[PDB]
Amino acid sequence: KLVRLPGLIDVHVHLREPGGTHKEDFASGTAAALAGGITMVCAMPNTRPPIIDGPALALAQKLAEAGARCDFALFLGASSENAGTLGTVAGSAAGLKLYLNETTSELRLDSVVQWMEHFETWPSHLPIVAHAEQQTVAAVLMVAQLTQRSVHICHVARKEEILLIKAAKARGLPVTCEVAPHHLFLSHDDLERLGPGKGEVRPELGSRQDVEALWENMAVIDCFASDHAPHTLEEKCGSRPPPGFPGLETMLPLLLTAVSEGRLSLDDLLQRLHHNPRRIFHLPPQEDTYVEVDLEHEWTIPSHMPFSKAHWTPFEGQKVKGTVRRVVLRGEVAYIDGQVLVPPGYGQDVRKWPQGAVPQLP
């Protein structure tokens, strides 16, 4: 007997188009999403060109409309030049992304004052998410309080970070967060197997104590999100390995394994991959959309999953229980047992749906 799940949402993916399409493109990345039981993705802005201005957003929107197989929203990225310039297009984006740690010259912010300027100028009803590690979590929380608004913390990876967020929630502060599967299912213990190139990711893999703290503090985690960050094996294994792991095709099987072991409940999973993504980002329902999973099927993750152009995975060799059998997206069969059955361009920008605009005061 299969279990019917709603259409799951991944609020943190890197689909590499424009400009990095040997790593992934909208068509391959959304195939990966569908095969992972994900029917809606929010794509990050660190493409080439980066999505830091209205022309780049317009290009990315058209590339996504033409290539995506599942539905999507596109983030804008904060830069050192664009605060106060995004007001006309802000509501068309998933939200604003701040890269507050090591990043590219185009997305780099050199001063906390620039963070403040973004918090002050970005429309106050629209989402802001941050790559903010270690003390940066506390720093961006301070900026959010100074500017009297919410913030969402991407890929929480450390005991330190989850406990800081827990303390902030205990004080009633408007902060939410997400955790990626590699920070729940991999640790320093895996670095020997992965090697130093494949093992490169930001935030880095944590200690066993970090992993245990995330599980212990599941109540603090609002969302799961993959941080799908595909790079080719040649890049990961070469002289200057870029950080990141592909993860769309493995996230749900890993989490279903944990459900089957009683580490979290089915409801806990659906809050974190469906209801909380919807409510934090004001993402609309998808009509006639669902995912059928087989919870009994035991398998071992292979050296690469079928769809991502990354063509490698750090979870190779892990034994999992649970698999996606069928996905229906807006009344059409999108995926069955290893075959994607909707073409590039079937997917739509959810921010253009009437129900997909973020409500605001006039």
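Start at 1 and count along the sequence shown; that's the residue number.
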- prompt: Higher mean Cα B-factor in the deposited model: 5 to 13 or 18 to 26?
  reply: 18 to 26
query: So 118 to 126 or 194 to 202, which one's hotter by mean CA B-factor in the entry?
result: 194 to 202
message: If I read the C-alpha B-factors straight from the PDB entry, which of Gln271, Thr176, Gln134, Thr88 is highest?
response: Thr88
query: Checking the entry, which one of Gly247, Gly172, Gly95, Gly262 has the top C-alpha B factor?
result: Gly262
Third of chain Cα B-factors occupied by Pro243: middle
field: Third of the chain's Cα B-factor distribution that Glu216 belongs to, per the entry
entry: middle
query: If you rank every modelled residue in this chain by C-alpha B factor, which third holds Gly84: lowest, middle or highest?
result: highest
message: Please say which third, lowest, middle or highest, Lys236 falls into when its CA temperature factor is compared across its chain.
response: middle
- line: Here the Cα B-factor of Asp110, set against its chain, lands in the third termed highest
